[PDB]
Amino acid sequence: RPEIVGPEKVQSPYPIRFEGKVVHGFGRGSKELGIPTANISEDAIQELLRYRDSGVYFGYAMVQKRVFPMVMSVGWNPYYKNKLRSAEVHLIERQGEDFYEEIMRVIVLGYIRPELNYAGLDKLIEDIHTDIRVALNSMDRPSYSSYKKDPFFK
């Protein structure tokens, strides 16, 4: 795995902007697993990411008036056959209370990798830490980091 992904400058189809209410996940408490994930409201990503690649992306997200670099996992809902999009966001390097029912605004700046077949909790923790390390290295570049002051976050 590479320690950095994407071009030096943001390229189409990024940036991709949207917002959604943070709702409860599916029971799996990631907060204790050291990797809390914010399940975005399904009614805001269905069409927008319907034809986007499943996988982990990166960029910036805002909630409770604060912007943080982030990693987003985009997959499908398992409870149904018909393709139902799902998205979960992990705000990187944040300290605070939970923000359920709060509107989160997201700016996707790039793709990291496709969804790896689930292979246990430990491996998944390892994969996500690398993801976080990659997102930071990727957004340390001017073209990407300036999006932290994007009008959408104003």
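Residue numbers here begin at 1 and follow the sequence given.
A.B. asks: I'd like to know whether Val74, which is modelled here, goes unmodelled in a third or more of the other compared entries that cover its flanking residues.
C.D. replies: No, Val74 has coordinates in all the other entries compared.
A.B. asks: Would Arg94 be found without coordinates in at least a third of the other compared entries?
C.D. replies: No; none of the other entries leave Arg94 out.
A.B. asks: Looking only at CA atoms, which has the higher mean B factor in the entry: 21-29 or 6-14?
C.D. replies: In the deposited entry, the stretch with the higher C-alpha B-factor mean is 21-29.
A.B. asks: In the PDB record, does 60-68 or 32-40 carry the higher mean Cα temperature factor?
C.D. replies: That would be 32-40.
A.B. asks: Just grab whichever of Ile112, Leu116, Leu91, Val108 has the top CA B-factor as deposited.
C.D. replies: If I rank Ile112, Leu116, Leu91, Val108 by C-alpha B-factor, first place goes to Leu116.
A.B. asks: Can you tell me which of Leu121, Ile103, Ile128, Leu49 has the maximum CA B-factor listed in the PDB entry?
C.D. replies: Among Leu121, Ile103, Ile128, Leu49, the highest C-alpha B-factor in the entry belongs to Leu121.
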